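One protein chain, two forms: both are listed below as C-alpha cells, the first as structure 1 and the second as structure 2.
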Structure 1
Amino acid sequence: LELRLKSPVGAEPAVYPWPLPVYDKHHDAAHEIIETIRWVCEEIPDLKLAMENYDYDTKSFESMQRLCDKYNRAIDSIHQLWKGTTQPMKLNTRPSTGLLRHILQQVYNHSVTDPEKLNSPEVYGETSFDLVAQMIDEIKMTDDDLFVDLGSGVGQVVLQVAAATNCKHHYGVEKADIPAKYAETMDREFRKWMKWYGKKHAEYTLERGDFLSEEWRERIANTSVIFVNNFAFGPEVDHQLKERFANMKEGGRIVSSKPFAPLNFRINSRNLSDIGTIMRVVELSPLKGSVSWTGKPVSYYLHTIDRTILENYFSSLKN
C-alpha cells in the first residue's frame, strides 16, 4: 500500500508508505505531499491550469490517492505537451527562496530521523533559514568568491548558500562525529531532491575536520566569504580565529553572531596589534520577530578586510 509522486522531469518517482509518517509535532508526510504538488505547479504554469481544482482529508487514503492520481496524470499530460512544438521547462535554473525552503525542510526530515540525538539550547541553528536568506541578499557574491561555513553541523547552511549563489566553491567543515555522519545523508538527499525538481546548484563539499588545524590556516587565508555562528564558542576559540583572519586577502568578508573587533574603534598607539586595525565592522539589521536563545532580539556583524585603515594612520603620524 502506497502513494507515489511523479517527478516533473522524469526522475525516479517519490514513494511514500501508508499510513504516512509523522516527523515532529509540526510536520508530517501528508503535508509534505500537498506542498510538493503546489511548488511543482509554481514551476510549471500549464500544470497550474490543469490542476486548478483543490482542503483534503489527509487521513483518508482515497482522498489522498485521488490528489496523487490527478497530479500524476496531469504530469503525463504535460510531458506529452513537450513532445509537441511547446518548449520544455527552463531546466537548470536555481530554485526560488520559497521552493528552497520547502526542499531543505524535505531533505532534513528525510535525513534526521532521530532529532533527539542532537543534544536544550540552540547550537546547530535549526530555523536560521530566513536569517541566512537575508544575509544572502546583503552580502553580494560572484563566481570569483569562495565560501566557508565554519562548524557546518548537519550541513544545511552550506546547501542553502550553494543553491542560492554562484561562488566557484562552497565548503563546510565539522569536527563532531554524529553531525558529520548526518551530513553525509543530508548531502545525498539534497542531490536526489534537486534532480527530482530539475533544479541546479553550485559546487559544494561537506568535509570532516578541525578549522583550528594546520591545513585550515591557509585555507582560511584564501577564503573570501566566511560564515561563522560563533555565539557559543567562548573567548579562547575567538582569539585563535582572529589570528587566522589576519592572513586574509583584501576585500575578504566575515559574517558572525558575535563581533571579532569593536564597533567604536579608533586606532591609537596602545592598540597597534589589534585586528581592529585591518577591518571595517558594521552591525546588520536583524529580522523583525526573530529572537536569540536569551529570548533577545538578535544582532549580526559584517567584517571587511580593509588595510587602508592602517595606511591612513601611518600618515596621520607623518603630519
Structure 2
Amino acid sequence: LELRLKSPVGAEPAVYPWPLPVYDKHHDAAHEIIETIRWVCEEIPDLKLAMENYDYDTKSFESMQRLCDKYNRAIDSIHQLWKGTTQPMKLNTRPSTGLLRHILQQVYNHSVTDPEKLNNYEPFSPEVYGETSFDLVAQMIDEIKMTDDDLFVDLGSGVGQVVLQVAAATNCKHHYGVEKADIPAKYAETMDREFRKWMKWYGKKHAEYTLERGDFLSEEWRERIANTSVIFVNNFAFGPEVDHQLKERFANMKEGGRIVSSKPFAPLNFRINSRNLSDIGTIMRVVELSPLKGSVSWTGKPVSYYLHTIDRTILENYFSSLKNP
C-alpha cells in the first residue's frame, strides 16, 4: 500500500508508505503531503486553478489517495498544457522563502530519523547541540548581501541546515559546513542527499555546497578560515577556550570579511586604549542584529545575533592619532 506524488518537473514521484509515519508531536507525513501539494500550487498558478474545484481526512487511505490522485491528474494536465503553446514554468529559479522553509522541514523529516539522538552530546562542553531558527538565518541572508565573490562557512554546522538554506538563497562560489560530532555529521550525509533530491523534485536551483566532518580548529582550517569572506558560527555554548582560538583564526581574515555569531567576539562598546592593541576588537566593527518581533528564548530577553566586519581602519586611525596633540 502506497501514496504517490508526481514531481511538477518530471522527476521520480515521491512515494509514501501507508499508514503514514509520524515525525514528532506536530509533524506527520500526512501534513507533509498536503503541504507539498499546497506549495506546488503556489509555484504553478495554473495548477492552483486546476486544483481549486474540491474535503479530506488525514486518517483515511482512500481520502488521502483521492487527494494525491486529484493532484497527480492536474500535474498530467499542466504538463500537457506545457506541450501546447504555453511556456513551461520558470525553469530553474531560487525558491520563495515559504517554499524553502517547507523543503528544509521536509528534508529534516526524512533525514533526522531519530531527533532525540541529537541530545546525546556531553553537557557543558563545546558539543552542545542547538538549531538556529530559519527566520534568523533568513534575516542574516537579507542583511548580509552576498555575491559570487563570497565563500560561506558554518563552523559547527550540525546536521547542516544553515548551509542548505544559505545555498538555496545566495550565489556564493561555494558554501561549507564543518561539524565534529558523529551523530549530527552522520545525519548531515543524509540531509545532503535529501536536499539534492527534493530540490530536483521541485525543480529549484541552489548554489554549490559541501557538508564535511572535521575539526574547525585543526591546521587545515586555519588557512581555510582566512580565505572565507562570510562565517556563520553559533558559538553560544562554546566557552572562552574555544572562543579565544577562534579569535586567532579570525585575525587572519581579509578586510571586509564578516562573521555572524550568537555571542560577540569583541565587546560592543570597544574603544581602543593603550592596553588593548593586541585584542580582536582592534580590527572589526561589531553590531547587534535587530531582534525579530516576538522572539524570546529561555533568557526572557530576545535572542541576539552579532555581525562582525573586519575593519583595520580602526587600528590605522588609532596609530595616526598617536601623532596628534
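Residue 1 is the first residue of structure 1, and the numbers go on in sequence order from there. In this text, the rigid core denotes the largest set of C-alpha atoms whose superposition between the two forms falls within 1.5 Å.
Item to check | Option from 143, 76, 126, 215 moving between the two structures, CA shift at or above 2 Å, rigid core reference | outcome: By this measure, the answer is 126.
Item to check | Core fit, then residue 294 C-alpha moves 2 Å or more between the two structures | outcome: Indeed, residue 294 is displaced by 2 Å or more.
Item to check | For residue 263, CA displacement between the two structures after the core is overlaid, in Å | outcome: A shift of 0.7 Å at the C-alpha.
Item to check | between the two structures, how far the Cα of residue 18 shifts once the core is aligned, in Å | outcome: For residue 18, the C-alpha ends up 1.1 Å from its position in the other form.
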